[PDB]
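Just one chain is shown here, as structure tokens, and it is the form deposited in one PDB entry.
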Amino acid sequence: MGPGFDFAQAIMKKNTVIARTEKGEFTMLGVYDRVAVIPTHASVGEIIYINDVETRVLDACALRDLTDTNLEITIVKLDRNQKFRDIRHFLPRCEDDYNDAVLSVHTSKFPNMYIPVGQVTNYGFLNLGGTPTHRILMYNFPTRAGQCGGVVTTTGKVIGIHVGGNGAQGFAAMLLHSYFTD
């Protein structure tokens, strides 16, 4: 409808795949080369389905901060025959608050979904499903099941991936440029 949705659509149409694990279908953001991210609770194994094609996982790393606290981001390298558009220059360098964000989802169940979630708070600590978690972003939208891995953007920035909700608020894990240096 507007420049927020324009940027979100541009990211969804080139930098997402549908990831299936034994724990469900997830929106999966490709970042560069064959490297993508997914919430850690997807429990990635040695094999994953990518757009319903059996795909070997070459590496998977569940990120934790330097206090050894869960970040809820898993970085996956896929044995795919094609690279993602490199979007690392759209990642923020530092923890921050944001205005006017969009949460975008693409699964079998929720294709072409875009939600204007509004103001995003640097919330920080969250007890996420019993697990102490750092670097959490919060937005005041009643997010539901199946939206996990959905991409949080502002105009010009890819800032996080949706990892949870409490029925009234939704929570995302930060994406930082420093996660994807090579």
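Start at 1 with the first residue shown and count on from there.
Worksheet item: Given the B-factors recorded for C-alpha atoms, which segment has the greater mean, 75-83 or 105-113?
Response: Of 75-83 and 105-113, the stretch with the higher C-alpha B-factor average is 105-113.
Worksheet item: Is the mean CA B factor in the deposited entry higher across 54-62 or across 138-146?
Response: Per the PDB record, 138-146.
Worksheet item: Going by the entry, which of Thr27, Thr40, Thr155, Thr133 has the most elevated CA B factor?
Response: Out of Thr27, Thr40, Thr155, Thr133, the record gives the largest C-alpha B-factor to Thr155.
Worksheet item: Between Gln9, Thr21, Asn15, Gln169, which carries the biggest CA temperature factor in the record?
Response: Across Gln9, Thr21, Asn15, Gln169, the entry lists the biggest C-alpha B-factor for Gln169.
Item to complete: Could you say whether, by C-alpha temperature factor, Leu128 belongs to the lowest, middle or highest third of its chain?
Response: CA B-factor rank for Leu128: highest third.
Omitted here: the form deposited with a small molecule bound. The next part is about that form.
Worksheet item: Do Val120 and the small molecule share at least one heavy atom pair within 4.5 Å in the deposited bound form?
Response: Outside the cut-off, so no.
Worksheet item: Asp65 near the small molecule in the deposited bound form, any heavy atom under 4.5 Å?
Response: Taking the distances in the deposited bound form, the answer for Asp65 is no, it never comes within 4.5 Å of the small molecule.
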